[PDB]
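**Q** Please find the sequence and an experimentally derived structure below.
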Amino acid sequence: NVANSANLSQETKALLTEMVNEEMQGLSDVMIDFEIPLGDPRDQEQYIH
Amino acid sequence: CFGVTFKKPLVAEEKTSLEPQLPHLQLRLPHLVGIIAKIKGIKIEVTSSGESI
Ligand SMILES: *[C@@H]1O[C@H](CO)[C@@H](O[C@@H]2O[C@H](CO)[C@@H](O)[C@H](O)[C@H]2NC(C)=O)[C@H](O)[C@H]1NC(C)=O
């Protein structure tokens, strides 16, 4: 979306993806990636799924 | 009900997309390749003097 809004020319696109990747990796290096509880602990069908 | 008032639960949008605004520099040198192409084809014509005479 950012590339289309601007007028990147197939060489500044690689300069943008690099920055996005490094920033997102820096953010992802300190997050544990768990799941949010939403239902009931007793139920077996959700856990099986 | 009783003294307390109850309000409906609010629905939430599942996803959002970020499209930030970007400044427009509006440079004019780019997309001027046609002028360079015109410069390439000058095509000066010189005829030998004395060959005819
Ligand atoms: C990328 O290029 C497009 C097309 O040249 C630019 O869109 C133009 O923007 C000007 C200024 O707002 C408008 O007057 C034109 O009508 C737009 N044209 C089109 C086809 O949308 C766009 O601004 C450029 N992006 C950047 C960041 O400069």
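**A** Structure received. Residues are numbered from 1 along each chain as shown, chains lettered A, B, ... in the order given.

**Q** Who are the contact partners of residue B:22?
**A** A:2, A:5, A:6 (CB atoms under 8 Å, 6 or more residues apart in numbering or on different chains). For every residue, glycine as well, the C-beta is placed using N, CA and C.

**Q** Let's see which of those end up in helices.
**A** Those of these mapping onto helices are A:2, A:5, per DSSP state H.

**Q** just the contacts of residue B:22 now: which is nearest residue A:30?
**A** The shortest gap between residue A:30 and any of the contacts of residue B:22 belongs to residue A:2, at 24.6 Å (CB to CB).

**Q** So which bits of chain A are right by chain B?
**A** When proximity is defined as CB under 8 Å from any CB of the partner chain, chain A approaches chain B at A:1, A:2, A:5, A:6.

**Q** What separation do you get for the residue nearest in space to the middle of chain A and residue A:18?
**A** When CA atoms, centre = their mean is applied to chain A, the residue found nearest the centroid is residue A:24 (7.4 Å). In this view, residue A:24 and residue A:18 are 11 Å apart by CB to CB, to the nearest Å.

**Q** What is the three-state secondary structure of the residue of chain B found nearest chain A?
**A** Chain A sits closest to residue B:19 of chain B, with a gap of 5.3 Å, by CB to the nearest CB. Following DSSP: H, G, I helix; E, B strand; the rest coil, we place residue B:19 in the coil state.

**Q** now do the one 3 residues further on
**A** Under the three-state scheme (three-state DSSP), the conformation of residue B:22 reads as coil.

**Q** any idea how far stretch B:26-43 is from the chain center?
**A** Distance of stretch B:26-43 from the chain centroid (CA atoms, centre = their mean, to the nearest Å) equals 18 Å.

**Q** er, stretch B:45-53 actually
**A** Put simply, stretch B:45-53 sits 51 Å off its chain's centre (CA atoms, centre = their mean).

**Q** same deal with stretch B:41-53?
**A** Worked out by CA atoms, centre = their mean, stretch B:41-53 lies 45 Å from the chain centre.
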